[PDB]
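Engineer: Input data_18.tsv, format and content: TSV, C-alpha atoms and all ligand atoms.
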```
chain	number	residue	atom	x	y	z
B	1606	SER	CA	23.87	27.12	-52.68
B	1607	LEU	CA	25.31	23.82	-53.90
B	1608	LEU	CA	22.12	21.92	-53.06
B	1609	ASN	CA	20.17	23.94	-55.63
B	1610	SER	CA	22.91	23.50	-58.25
B	1611	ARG	CA	23.28	20.87	-60.97
B	1612	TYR	CA	26.50	19.61	-59.32
B	1613	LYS	CA	27.41	17.31	-56.48
B	1614	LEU	CA	30.23	18.11	-54.09
B	1615	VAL	CA	31.04	14.86	-52.32
B	1616	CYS	CA	33.11	15.40	-49.17
B	1617	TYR	CA	34.90	12.54	-47.46
B	1618	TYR	CA	34.88	12.63	-43.68
B	1619	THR	CA	37.47	10.45	-41.93
B	1620	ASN	CA	36.94	9.27	-38.37
B	1621	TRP	CA	40.66	9.05	-37.65
B	1622	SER	CA	41.22	12.80	-38.06
B	1623	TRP	CA	39.87	13.07	-34.51
B	1624	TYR	CA	43.20	11.61	-33.31
B	1625	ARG	CA	45.35	14.58	-34.21
B	1626	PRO	CA	47.00	17.14	-31.93
B	1627	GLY	CA	46.11	20.78	-31.54
B	1628	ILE	CA	44.47	22.43	-34.52
B	1629	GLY	CA	44.74	19.25	-36.59
B	1630	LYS	CA	41.97	17.73	-34.50
B	1631	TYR	CA	38.80	17.46	-36.58
B	1632	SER	CA	35.37	16.53	-35.22
B	1633	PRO	CA	31.96	15.99	-36.85
B	1634	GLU	CA	30.89	19.48	-35.75
B	1635	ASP	CA	33.75	21.03	-37.75
B	1636	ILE	CA	31.95	20.04	-40.98
B	1637	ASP	CA	30.79	23.12	-42.87
B	1638	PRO	CA	27.28	22.32	-44.17
B	1639	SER	CA	27.48	25.04	-46.83
B	1640	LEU	CA	30.41	23.30	-48.56
B	1641	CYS	CA	29.05	19.84	-49.42
B	1642	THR	CA	26.02	18.22	-50.98
B	1643	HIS	CA	27.09	14.74	-49.91
B	1644	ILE	CA	29.18	13.61	-46.98
B	1645	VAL	CA	30.73	10.15	-47.06
B	1646	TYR	CA	31.80	8.70	-43.71
B	1647	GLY	CA	35.09	6.78	-43.97
B	1648	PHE	CA	35.26	4.06	-43.04
B	1649	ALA	CA	33.29	1.03	-42.02
B	1650	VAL	CA	35.22	-2.20	-42.56
B	1651	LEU	CA	34.53	-5.81	-43.49
B	1652	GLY	CA	34.52	-7.90	-40.34
B	1653	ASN	CA	35.87	-11.42	-40.02
B	1654	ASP	CA	32.28	-12.71	-40.23
B	1655	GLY	CA	31.90	-11.19	-43.70
B	1656	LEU	CA	29.67	-8.38	-42.39
B	1657	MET	CA	30.08	-4.63	-42.43
B	1658	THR	CA	31.18	-3.33	-39.04
B	1659	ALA	CA	32.37	-0.11	-37.42
B	1660	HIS	CA	36.11	0.37	-37.68
B	1661	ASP	CA	36.54	2.49	-34.52
B	1662	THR	CA	33.84	1.71	-31.95
B	1663	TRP	CA	35.18	4.35	-29.53
B	1664	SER	CA	34.51	7.19	-31.97
B	1665	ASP	CA	31.79	5.70	-34.20
B	1666	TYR	CA	29.61	4.33	-31.36
B	1667	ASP	CA	30.74	5.45	-27.89
B	1668	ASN	CA	31.25	9.05	-29.00
B	1669	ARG	CA	28.36	8.81	-31.51
B	1670	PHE	CA	30.37	9.92	-34.55
B	1671	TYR	CA	27.96	8.07	-36.88
B	1672	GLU	CA	25.05	10.00	-35.40
B	1673	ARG	CA	26.90	13.29	-35.28
B	1674	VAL	CA	27.69	13.11	-39.00
B	1675	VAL	CA	24.24	11.79	-39.99
B	1676	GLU	CA	23.12	14.99	-38.21
B	1677	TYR	CA	23.95	16.89	-41.40
B	1678	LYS	CA	20.94	15.35	-43.17
B	1679	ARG	CA	19.04	18.17	-41.46
B	1680	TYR	CA	20.68	20.59	-43.93
B	1681	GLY	CA	19.58	18.54	-46.93
B	1682	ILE	CA	23.00	16.92	-47.20
B	1683	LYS	CA	23.04	13.24	-48.11
B	1684	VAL	CA	25.22	11.30	-45.66
B	1685	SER	CA	26.58	7.93	-46.82
B	1686	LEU	CA	28.78	5.36	-45.10
B	1687	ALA	CA	31.90	4.22	-46.94
B	1688	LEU	CA	33.04	0.61	-46.74
B	1689	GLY	CA	36.67	-0.33	-47.17
B	1690	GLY	CA	39.45	2.11	-47.87
B	1691	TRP	CA	43.12	1.57	-48.56
B	1692	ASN	CA	44.07	-0.12	-45.28
B	1693	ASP	CA	41.06	-2.45	-45.24
B	1694	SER	CA	41.88	-3.53	-48.83
B	1695	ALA	CA	45.24	-5.11	-47.98
B	1696	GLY	CA	44.22	-8.78	-47.94
B	1697	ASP	CA	41.78	-11.08	-49.71
B	1698	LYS	CA	38.68	-10.60	-47.55
B	1699	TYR	CA	36.81	-8.43	-50.07
B	1700	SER	CA	37.71	-10.87	-52.84
B	1701	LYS	CA	36.49	-13.80	-50.73
B	1702	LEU	CA	33.22	-11.93	-50.20
B	1703	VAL	CA	32.45	-11.01	-53.81
B	1704	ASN	CA	33.40	-14.46	-55.12
B	1705	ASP	CA	30.88	-16.17	-52.79
B	1706	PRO	CA	27.20	-15.71	-53.74
B	1707	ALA	CA	26.05	-16.91	-50.31
B	1708	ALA	CA	28.44	-14.51	-48.58
B	1709	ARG	CA	27.23	-11.62	-50.72
B	1710	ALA	CA	23.61	-12.45	-49.95
B	1711	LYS	CA	24.21	-12.40	-46.19
B	1712	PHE	CA	26.39	-9.29	-46.43
B	1713	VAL	CA	23.81	-7.29	-48.39
B	1714	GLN	CA	20.87	-7.78	-46.00
B	1715	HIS	CA	23.00	-7.00	-42.94
B	1716	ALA	CA	24.60	-3.93	-44.56
B	1717	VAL	CA	21.22	-2.37	-45.34
B	1718	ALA	CA	20.02	-3.01	-41.78
B	1719	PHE	CA	23.29	-1.40	-40.63
B	1720	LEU	CA	22.66	1.74	-42.71
B	1721	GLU	CA	19.07	2.15	-41.58
B	1722	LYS	CA	20.02	1.59	-37.94
B	1723	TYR	CA	22.22	4.68	-37.96
B	1724	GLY	CA	20.23	6.69	-40.49
B	1725	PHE	CA	22.73	6.79	-43.34
B	1726	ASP	CA	21.35	7.82	-46.72
B	1727	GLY	CA	23.44	5.29	-48.60
B	1728	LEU	CA	26.49	3.11	-48.94
B	1729	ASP	CA	29.80	3.96	-50.64
B	1730	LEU	CA	31.98	1.06	-51.82
B	1731	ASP	CA	35.70	1.79	-51.46
B	1732	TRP	CA	37.43	-1.51	-52.19
B	1733	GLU	CA	40.94	-0.65	-53.42
B	1734	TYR	CA	40.72	-2.51	-55.68
B	1735	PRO	CA	38.84	-5.43	-57.23
B	1736	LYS	CA	41.41	-7.77	-58.78
B	1737	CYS	CA	44.30	-5.35	-58.20
B	1738	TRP	CA	44.41	-5.46	-54.41
B	1739	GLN	CA	46.17	-2.25	-53.37
B	1740	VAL	CA	47.04	-1.70	-57.06
B	1741	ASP	CA	48.78	-5.10	-57.34
B	1742	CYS	CA	47.04	-6.75	-60.28
B	1743	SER	CA	48.87	-10.05	-59.77
B	1744	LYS	CA	47.16	-10.62	-56.40
B	1745	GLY	CA	43.47	-11.04	-57.11
B	1746	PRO	CA	41.48	-13.30	-59.41
B	1747	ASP	CA	39.84	-11.98	-62.55
B	1748	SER	CA	36.53	-13.15	-61.08
B	1749	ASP	CA	36.80	-10.18	-58.69
B	1750	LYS	CA	35.37	-8.08	-61.52
B	1751	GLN	CA	32.20	-10.11	-61.99
B	1752	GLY	CA	31.88	-10.62	-58.24
B	1753	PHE	CA	32.11	-6.89	-57.57
B	1754	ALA	CA	29.54	-6.17	-60.29
B	1755	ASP	CA	27.27	-8.83	-58.79
B	1756	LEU	CA	27.74	-7.31	-55.33
B	1757	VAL	CA	26.83	-3.88	-56.69
B	1758	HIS	CA	23.71	-5.34	-58.30
B	1759	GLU	CA	22.60	-7.16	-55.16
B	1760	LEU	CA	23.19	-4.04	-53.06
B	1761	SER	CA	21.35	-1.89	-55.59
B	1762	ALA	CA	18.44	-4.33	-55.60
B	1763	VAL	CA	18.02	-3.83	-51.85
B	1764	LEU	CA	18.99	-0.16	-51.48
B	1765	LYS	CA	17.09	1.38	-54.38
B	1766	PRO	CA	13.57	0.28	-53.29
B	1767	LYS	CA	14.34	1.85	-49.92
B	1768	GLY	CA	15.44	5.10	-51.55
B	1769	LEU	CA	19.03	4.60	-50.37
B	1770	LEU	CA	22.08	5.64	-52.37
B	1771	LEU	CA	24.82	3.38	-53.67
B	1772	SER	CA	28.13	4.82	-54.82
B	1773	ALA	CA	31.70	3.71	-55.29
B	1774	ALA	CA	35.13	5.27	-55.10
B	1775	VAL	CA	37.08	3.87	-58.05
B	1776	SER	CA	40.62	3.76	-59.37
B	1777	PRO	CA	41.99	6.37	-61.80
B	1778	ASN	CA	44.48	3.81	-63.16
B	1779	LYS	CA	43.72	2.49	-66.66
B	1780	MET	CA	45.09	-0.99	-65.93
B	1781	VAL	CA	43.09	-1.25	-62.70
B	1782	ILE	CA	39.95	0.03	-64.43
B	1783	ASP	CA	40.36	-2.64	-67.12
B	1784	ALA	CA	40.98	-5.46	-64.66
B	1785	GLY	CA	38.56	-4.71	-61.87
B	1786	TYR	CA	35.48	-2.89	-63.11
B	1787	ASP	CA	32.51	-4.01	-65.18
B	1788	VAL	CA	31.93	-0.38	-66.07
B	1789	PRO	CA	28.54	-0.63	-67.88
B	1790	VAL	CA	27.05	-2.53	-64.94
B	1791	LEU	CA	28.45	-0.09	-62.37
B	1792	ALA	CA	27.47	2.93	-64.47
B	1793	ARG	CA	23.87	1.73	-64.65
B	1794	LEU	CA	23.41	0.87	-60.96
B	1795	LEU	CA	25.54	3.37	-59.01
B	1796	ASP	CA	24.11	6.78	-58.15
B	1797	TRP	CA	27.59	8.17	-58.69
B	1798	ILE	CA	31.12	7.01	-59.29
B	1799	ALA	CA	33.79	8.89	-57.34
B	1800	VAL	CA	36.87	8.67	-59.52
B	1801	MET	CA	39.91	9.02	-57.26
B	1802	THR	CA	41.86	11.22	-59.68
B	1803	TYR	CA	44.80	11.60	-57.30
B	1804	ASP	CA	47.78	9.63	-56.00
B	1805	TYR	CA	48.99	9.21	-59.57
B	1806	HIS	CA	52.47	9.67	-58.10
B	1807	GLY	CA	54.08	9.20	-54.72
B	1808	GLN	CA	57.12	7.88	-52.89
B	1809	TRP	CA	56.49	4.41	-54.37
B	1810	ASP	CA	57.55	5.77	-57.79
B	1811	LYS	CA	61.06	6.40	-56.40
B	1812	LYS	CA	61.05	9.76	-58.17
B	1813	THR	CA	59.21	13.02	-57.73
B	1814	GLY	CA	55.84	13.45	-59.40
B	1815	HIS	CA	52.60	15.31	-58.94
B	1816	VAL	CA	49.87	13.79	-56.77
B	1817	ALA	CA	47.12	14.73	-59.26
B	1818	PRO	CA	48.06	15.94	-62.74
B	1819	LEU	CA	45.11	17.27	-64.71
B	1820	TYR	CA	46.66	16.99	-68.19
B	1821	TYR	CA	49.45	15.04	-69.83
B	1822	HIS	CA	52.92	16.50	-69.28
B	1823	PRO	CA	55.64	15.93	-71.92
B	1824	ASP	CA	58.00	14.35	-69.36
B	1825	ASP	CA	55.39	11.85	-68.13
B	1826	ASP	CA	56.29	8.16	-68.15
B	1827	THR	CA	52.81	7.43	-69.49
B	1828	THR	CA	49.97	9.01	-71.41
B	1829	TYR	CA	47.28	8.00	-68.92
B	1830	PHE	CA	48.40	9.08	-65.44
B	1831	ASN	CA	46.39	12.29	-65.48
B	1832	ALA	CA	42.82	13.21	-64.64
B	1833	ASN	CA	41.91	14.16	-68.21
B	1834	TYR	CA	42.72	10.68	-69.53
B	1835	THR	CA	41.15	8.96	-66.53
B	1836	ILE	CA	37.81	10.76	-66.76
B	1837	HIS	CA	37.57	10.30	-70.52
B	1838	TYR	CA	38.47	6.63	-70.11
B	1839	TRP	CA	35.67	6.03	-67.60
B	1840	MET	CA	33.24	7.60	-70.07
B	1841	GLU	CA	34.68	5.60	-72.97
B	1842	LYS	CA	34.10	2.42	-70.95
B	1843	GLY	CA	30.44	3.42	-70.66
B	1844	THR	CA	30.04	5.81	-67.76
B	1845	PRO	CA	27.59	8.71	-68.26
B	1846	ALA	CA	29.12	12.09	-67.42
B	1847	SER	CA	26.36	12.74	-64.88
B	1848	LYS	CA	27.46	9.74	-62.78
B	1849	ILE	CA	31.09	10.87	-62.51
B	1850	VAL	CA	32.34	13.02	-59.67
B	1851	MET	CA	36.01	13.92	-60.01
B	1852	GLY	CA	38.19	13.53	-56.95
B	1853	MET	CA	40.47	16.36	-55.86
B	1854	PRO	CA	43.14	15.99	-53.16
B	1855	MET	CA	43.25	18.24	-50.10
B	1856	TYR	CA	46.76	16.96	-49.39
B	1857	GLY	CA	50.16	16.54	-50.97
B	1858	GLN	CA	52.46	13.60	-51.62
B	1859	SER	CA	55.84	14.30	-50.06
B	1860	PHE	CA	59.26	12.97	-50.99
B	1861	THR	CA	62.75	12.84	-49.54
B	1862	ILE	CA	64.90	13.60	-52.58
B	1863	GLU	CA	68.48	12.27	-53.11
B	1864	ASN	CA	69.53	15.96	-53.25
B	1865	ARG	CA	71.96	15.79	-56.18
B	1866	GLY	CA	71.47	19.66	-56.58
B	1867	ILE	CA	68.06	19.24	-58.25
B	1868	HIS	CA	64.44	19.69	-57.22
B	1879	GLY	CA	62.17	19.34	-60.28
B	1880	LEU	CA	59.90	16.57	-61.53
B	1881	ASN	CA	61.03	12.96	-61.95
B	1882	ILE	CA	64.17	13.38	-59.82
B	1883	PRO	CA	65.41	10.41	-57.74
B	1884	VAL	CA	63.76	9.97	-54.36
B	1885	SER	CA	65.11	7.93	-51.46
B	1886	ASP	CA	62.00	7.87	-49.27
B	1887	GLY	CA	58.70	9.50	-48.48
B	1888	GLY	CA	58.84	12.99	-47.06
B	1889	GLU	CA	59.27	13.48	-43.34
B	1890	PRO	CA	55.87	13.11	-41.64
B	1891	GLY	CA	53.93	16.24	-40.81
B	1892	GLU	CA	53.35	17.36	-37.24
B	1893	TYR	CA	49.58	16.81	-37.47
B	1894	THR	CA	49.02	14.00	-39.96
B	1895	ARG	CA	52.09	11.98	-38.89
B	1896	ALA	CA	52.32	9.91	-42.07
B	1897	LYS	CA	55.54	9.68	-44.06
B	1898	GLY	CA	54.92	10.64	-47.68
B	1899	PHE	CA	51.79	12.65	-46.87
B	1900	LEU	CA	51.05	16.25	-45.86
B	1901	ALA	CA	47.74	17.98	-45.34
B	1902	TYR	CA	47.16	21.17	-47.29
B	1903	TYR	CA	47.28	23.14	-44.03
B	1904	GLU	CA	50.70	21.62	-43.27
B	1905	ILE	CA	51.88	22.45	-46.80
B	1906	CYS	CA	50.84	26.12	-46.80
B	1907	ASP	CA	52.42	26.63	-43.37
B	1908	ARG	CA	55.70	25.32	-44.81
B	1909	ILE	CA	55.37	27.70	-47.76
B	1910	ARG	CA	54.21	30.72	-45.76
B	1911	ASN	CA	56.38	30.43	-42.65
B	1912	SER	CA	59.26	28.03	-43.36
B	1913	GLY	CA	60.42	29.43	-46.71
B	1914	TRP	CA	59.65	26.47	-48.95
B	1915	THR	CA	60.10	27.31	-52.63
B	1916	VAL	CA	56.97	26.86	-54.77
B	1917	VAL	CA	57.13	25.90	-58.45
B	1918	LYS	CA	53.95	26.33	-60.47
B	1919	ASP	CA	53.11	25.00	-63.93
B	1920	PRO	CA	52.40	28.04	-66.15
B	1921	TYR	CA	50.33	25.83	-68.46
B	1922	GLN	CA	48.28	24.58	-65.49
B	1923	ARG	CA	48.57	20.92	-66.44
B	1924	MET	CA	49.17	20.16	-62.76
B	1925	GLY	CA	49.23	21.88	-59.42
B	1926	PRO	CA	52.34	23.25	-57.76
B	1927	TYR	CA	55.13	21.51	-55.97
B	1928	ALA	CA	57.26	22.89	-53.16
B	1929	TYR	CA	60.65	22.01	-51.72
B	1930	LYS	CA	63.22	22.85	-49.08
B	1931	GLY	CA	66.39	20.93	-48.36
B	1932	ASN	CA	65.79	17.31	-49.31
B	1933	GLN	CA	62.01	17.61	-48.81
B	1934	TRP	CA	59.66	17.88	-51.77
B	1935	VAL	CA	55.85	17.88	-51.94
B	1936	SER	CA	53.33	18.11	-54.77
B	1937	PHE	CA	49.78	19.28	-54.20
B	1938	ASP	CA	46.81	21.28	-55.49
B	1939	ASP	CA	46.42	24.98	-54.76
B	1940	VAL	CA	43.41	27.25	-55.28
B	1941	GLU	CA	44.47	28.10	-58.84
B	1942	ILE	CA	44.71	24.55	-60.20
B	1943	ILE	CA	41.56	23.63	-58.28
B	1944	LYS	CA	39.59	26.28	-60.15
B	1945	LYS	CA	41.03	24.87	-63.37
B	1946	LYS	CA	39.91	21.38	-62.34
B	1947	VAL	CA	36.39	22.54	-61.49
B	1948	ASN	CA	36.16	24.33	-64.84
B	1949	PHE	CA	37.21	21.00	-66.33
B	1950	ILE	CA	34.34	19.37	-64.39
B	1951	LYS	CA	31.83	21.91	-65.70
B	1952	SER	CA	33.11	21.75	-69.29
B	1953	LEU	CA	32.55	17.97	-69.40
B	1954	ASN	CA	29.20	18.29	-67.57
B	1955	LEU	CA	30.42	15.83	-64.95
B	1956	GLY	CA	28.18	15.02	-62.01
B	1957	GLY	CA	30.38	17.15	-59.80
B	1958	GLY	CA	33.44	16.99	-57.62
B	1959	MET	CA	34.75	14.98	-54.70
B	1960	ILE	CA	37.34	15.92	-52.10
B	1961	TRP	CA	39.68	13.83	-49.99
B	1962	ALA	CA	39.24	14.98	-47.36
B	1963	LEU	CA	37.38	17.54	-45.22
B	1964	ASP	CA	39.96	17.43	-42.41
B	1965	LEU	CA	42.95	18.11	-44.67
B	1966	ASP	CA	41.91	21.50	-46.06
B	1967	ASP	CA	42.84	24.57	-43.99
B	1968	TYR	CA	39.55	24.61	-42.10
B	1969	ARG	CA	41.11	26.63	-39.24
B	1970	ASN	CA	42.56	29.41	-41.45
B	1971	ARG	CA	46.03	28.61	-40.14
B	1972	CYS	CA	47.52	29.90	-43.40
B	1973	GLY	CA	45.51	33.14	-43.60
B	1974	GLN	CA	43.69	32.54	-46.91
B	1975	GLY	CA	40.38	32.07	-45.10
B	1976	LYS	CA	38.73	28.97	-43.70
B	1977	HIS	CA	38.53	26.02	-46.09
B	1978	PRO	CA	40.39	27.75	-48.95
B	1979	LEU	CA	40.39	24.71	-51.25
B	1980	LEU	CA	36.79	23.68	-50.60
B	1981	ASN	CA	35.51	27.24	-50.89
B	1982	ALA	CA	37.37	27.59	-54.21
B	1983	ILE	CA	35.62	24.46	-55.51
B	1984	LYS	CA	32.22	25.67	-54.32
B	1985	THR	CA	32.68	29.15	-55.78
B	1986	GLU	CA	33.75	27.80	-59.16
B	1987	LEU	CA	30.93	25.23	-59.23
B	1988	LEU	CA	28.38	28.00	-58.61
B	1989	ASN	CA	29.93	30.32	-61.22
B	1990	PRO	CA	27.91	29.94	-64.46
B	1991	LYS	CA	30.82	30.90	-66.73
B	1992	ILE	CA	33.06	28.11	-68.03
A	1	LIG	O1	47.94	4.80	-54.58
A	1	LIG	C1	48.85	4.39	-53.61
A	1	LIG	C2	49.94	3.38	-53.96
A	1	LIG	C3	50.00	2.89	-55.25
A	1	LIG	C4	50.99	1.97	-55.57
A	1	LIG	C5	51.91	1.55	-54.60
A	1	LIG	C6	51.84	2.05	-53.31
A	1	LIG	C7	52.75	1.65	-52.31
A	1	LIG	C8	52.63	2.19	-51.02
A	1	LIG	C9	51.64	3.10	-50.70
A	1	LIG	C10	50.77	3.48	-51.68
A	1	LIG	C11	50.86	2.97	-52.98
A	1	LIG	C12	49.69	4.49	-51.33
A	1	LIG	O2	49.62	4.99	-50.03
A	1	LIG	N1	48.76	4.91	-52.30
A	1	LIG	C13	47.74	5.89	-51.97
A	1	LIG	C14	46.38	5.32	-51.56
A	1	LIG	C15	45.79	6.15	-50.41
A	1	LIG	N2	45.73	7.58	-50.69
A	1	LIG	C16	44.35	8.04	-50.51
A	1	LIG	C17	44.22	9.41	-49.83
A	1	LIG	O3	45.06	9.65	-48.73
A	1	LIG	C18	46.05	8.69	-48.52
A	1	LIG	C19	46.69	8.29	-49.84
A	2	LIG	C1	42.20	15.06	-72.86
A	2	LIG	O1	42.00	13.69	-73.26
A	2	LIG	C2	41.46	13.53	-74.58
A	2	LIG	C3	41.18	12.06	-74.78
A	2	LIG	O2	41.97	11.24	-73.92
A	2	LIG	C4	42.44	14.09	-75.59
A	2	LIG	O3	41.91	13.95	-76.91
A	2	LIG	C5	42.71	15.56	-75.29
A	2	LIG	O4	43.74	16.05	-76.14
A	2	LIG	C6	43.16	15.76	-73.84
A	2	LIG	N1	43.25	17.18	-73.54
A	2	LIG	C7	44.39	17.79	-73.23
A	2	LIG	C8	44.29	19.27	-72.97
A	2	LIG	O5	45.46	17.19	-73.15
```
Just dump the structure as structure tokens.

Structural biologist:
Amino acid sequence: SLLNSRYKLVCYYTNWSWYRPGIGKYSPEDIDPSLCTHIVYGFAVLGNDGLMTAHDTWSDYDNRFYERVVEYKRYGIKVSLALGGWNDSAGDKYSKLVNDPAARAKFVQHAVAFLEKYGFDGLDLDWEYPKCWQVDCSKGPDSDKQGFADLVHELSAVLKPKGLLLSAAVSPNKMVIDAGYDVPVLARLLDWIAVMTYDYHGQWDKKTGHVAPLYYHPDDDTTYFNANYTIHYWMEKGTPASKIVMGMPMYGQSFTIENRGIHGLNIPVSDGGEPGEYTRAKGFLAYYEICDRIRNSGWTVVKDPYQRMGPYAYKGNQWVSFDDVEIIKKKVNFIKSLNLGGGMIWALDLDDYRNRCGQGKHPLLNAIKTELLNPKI
């Protein structure tokens, strides 16, 4: 069992996966309690009053999604509530909060009351990102860094006496890490740091790339857009290995290629890939959408024989990069070899939890669990 192990497996639950057709529909009761040590509920949002609030009252409150996920505490799983996320990070409201000591003080007391009201074990900060709002480092003030560190301290000061957890999902990007994070402060106060070692590449690059490279590849634009650099950089900035959980994507980044007879890495891309039937987001495909394309629609899969990155797959002018079971076992062995705190997955609802692709239920998450529980490295 993962609960008796030395590792965390932090699983992100998303409340919007309920709004998906057919087998893509995912509910709190679909969570497999044998596959996680920690569940993080995404997302609460920052209201206009500067207070944490439910993002989707119909699911979170009226259909009791908060309660139905907090239910998993009965298994010994720690259930935290995540604040923020990509969409909620678009504007300046998180920056206005952290730069205002009075606003932080009000926010912190209300947030802790919020957590205890619904029985959450902790809070997960997912501002994307301090200073570099949605990875645009020209947008936010440098004081976002000190303000975020002060917010983490003031939260920690209230949560820790109550035995509540405080964690943060953080950028894998070296420039964002430098600009937004007071790493020694965060490393000391957070119970764990979920490094989002994915989305290194996507349609915004205007060329094909892998969503989550593990190691440097000789054709890479940079030396630091890979999980190996990112994790070592967080530790170099002062993070203990035991506080790091390494994120792994349960999805792929998809691309519409120009289709000048080529389909490898770094080829020109005109747009995100066509949206999937279930996730309905251009540039994005769940793992269970990807394996159906490979198994039943004849997409061609290219693997890296050196296992520096997961596979990619293509058909026509459509191209998607993702993690399969093989690279995931390599990544978990990477986690164990560095004695990291454990792993994190985005997200529960994107793995093949229905066994639509015939490799068993939850093939990616079961591969992580199996490798984490294997003593050999
Ligand atoms: O990193 C970027 C990004 C970076 C730089 C420019 C962009 C322009 C448009 C869209 C994105 C970006 C973008 O969507 N992302 C992914 C963040 C959410 N990911 C988390 C898990 O699932 C969903 C994907
Ligand atoms: C991983 O990163 C470290 C430091 O950034 C580097 O020394 C090492 O060569 C990298 N490993 C691989 C396999 O690239």

Engineer: How many Å lie between atom CA of residue B:1613 and atom CA of residue B:1643, rounded to one decimal?

Structural biologist: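 Separating atom CA of residue B:1613 from atom CA of residue B:1643 is a distance of 7.1 Å.
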
Engineer: Excluding residue B:1978 and residues on its chain fewer than 5 positions from it, collect all residues at most 12 Å away from it, counting only C-alpha atoms, and give them as a PDB file with C-alpha atoms, in the coordinates of the input.

Structural biologist:
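The result, written out as selection09.pdb:
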```
ATOM      1  CA  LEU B1640      30.410  23.300 -48.560  1.00  0.00           C
ATOM      2  CA  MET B1855      43.250  18.240 -50.100  1.00  0.00           C
ATOM      3  CA  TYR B1902      47.160  21.170 -47.290  1.00  0.00           C
ATOM      4  CA  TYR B1903      47.280  23.140 -44.030  1.00  0.00           C
ATOM      5  CA  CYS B1906      50.840  26.120 -46.800  1.00  0.00           C
ATOM      6  CA  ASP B1938      46.810  21.280 -55.490  1.00  0.00           C
ATOM      7  CA  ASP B1939      46.420  24.980 -54.760  1.00  0.00           C
ATOM      8  CA  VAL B1940      43.410  27.250 -55.280  1.00  0.00           C
ATOM      9  CA  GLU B1941      44.470  28.100 -58.840  1.00  0.00           C
ATOM     10  CA  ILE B1943      41.560  23.630 -58.280  1.00  0.00           C
ATOM     11  CA  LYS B1944      39.590  26.280 -60.150  1.00  0.00           C
ATOM     12  CA  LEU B1963      37.380  17.540 -45.220  1.00  0.00           C
ATOM     13  CA  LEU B1965      42.950  18.110 -44.670  1.00  0.00           C
ATOM     14  CA  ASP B1966      41.910  21.500 -46.060  1.00  0.00           C
ATOM     15  CA  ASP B1967      42.840  24.570 -43.990  1.00  0.00           C
ATOM     16  CA  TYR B1968      39.550  24.610 -42.100  1.00  0.00           C
ATOM     17  CA  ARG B1969      41.110  26.630 -39.240  1.00  0.00           C
ATOM     18  CA  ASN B1970      42.560  29.410 -41.450  1.00  0.00           C
ATOM     19  CA  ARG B1971      46.030  28.610 -40.140  1.00  0.00           C
ATOM     20  CA  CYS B1972      47.520  29.900 -43.400  1.00  0.00           C
ATOM     21  CA  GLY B1973      45.510  33.140 -43.600  1.00  0.00           C
ATOM     22  CA  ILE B1983      35.620  24.460 -55.510  1.00  0.00           C
ATOM     23  CA  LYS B1984      32.220  25.670 -54.320  1.00  0.00           C
ATOM     24  CA  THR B1985      32.680  29.150 -55.780  1.00  0.00           C
TER      25      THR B1985
END
```

Engineer: Need the shell around residue B:1802: protein/DNA/RNA residues with any atom at most 8 Å away, counting only C-alpha atoms. Skip same-chain ones fewer than 5 positions apart. Format as a PyMOL selection string?

Structural biologist: chain B and resi 1776-1777+1817+1831-1832+1835+1851-1853

Engineer: Give as a list in words the residues surrounding ligand LIG 1 (chain A) up to a distance of 8 Å, considering only C-alpha atoms and all ligand atoms.

Structural biologist: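 Using only C-alpha atoms and all ligand atoms, I find these residues within 8 Å of ligand LIG 1 (chain A): residues 1690, 1691, 1739, 1740, 1741, 1803, 1804, 1805, 1806, 1807, 1808, 1809, 1810, 1854, 1856, 1899, 1961 and 1962 of chain B.
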
Engineer: Take the selection from the previous step and output its residues with C-alpha atoms, as a PDB file, in the coordinates of the input.

Structural biologist:
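The new file out03.pdb reads:
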```pdb
ATOM      1  CA  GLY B1690      39.450   2.110 -47.870  1.00  0.00           C
ATOM      2  CA  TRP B1691      43.120   1.570 -48.560  1.00  0.00           C
ATOM      3  CA  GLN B1739      46.170  -2.250 -53.370  1.00  0.00           C
ATOM      4  CA  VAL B1740      47.040  -1.700 -57.060  1.00  0.00           C
ATOM      5  CA  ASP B1741      48.780  -5.100 -57.340  1.00  0.00           C
ATOM      6  CA  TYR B1803      44.800  11.600 -57.300  1.00  0.00           C
ATOM      7  CA  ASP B1804      47.780   9.630 -56.000  1.00  0.00           C
ATOM      8  CA  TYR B1805      48.990   9.210 -59.570  1.00  0.00           C
ATOM      9  CA  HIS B1806      52.470   9.670 -58.100  1.00  0.00           C
ATOM     10  CA  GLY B1807      54.080   9.200 -54.720  1.00  0.00           C
ATOM     11  CA  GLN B1808      57.120   7.880 -52.890  1.00  0.00           C
ATOM     12  CA  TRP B1809      56.490   4.410 -54.370  1.00  0.00           C
ATOM     13  CA  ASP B1810      57.550   5.770 -57.790  1.00  0.00           C
ATOM     14  CA  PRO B1854      43.140  15.990 -53.160  1.00  0.00           C
ATOM     15  CA  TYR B1856      46.760  16.960 -49.390  1.00  0.00           C
ATOM     16  CA  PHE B1899      51.790  12.650 -46.870  1.00  0.00           C
ATOM     17  CA  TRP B1961      39.680  13.830 -49.990  1.00  0.00           C
ATOM     18  CA  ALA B1962      39.240  14.980 -47.360  1.00  0.00           C
TER      19      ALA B1962
END
```

Engineer: May I ask which of the residues B:1837, B:1630, B:1822, B:1945 is the closest one to residue B:1849, counting only C-alpha atoms?

Structural biologist: B:1837

Engineer: Nearest to residue B:1909 among B:1930, B:1673, B:1744, B:1736, with distances taken over only C-alpha atoms: which residue is it?

Structural biologist: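 Nearest candidate to residue B:1909 out of B:1930, B:1673, B:1744, B:1736: B:1930.
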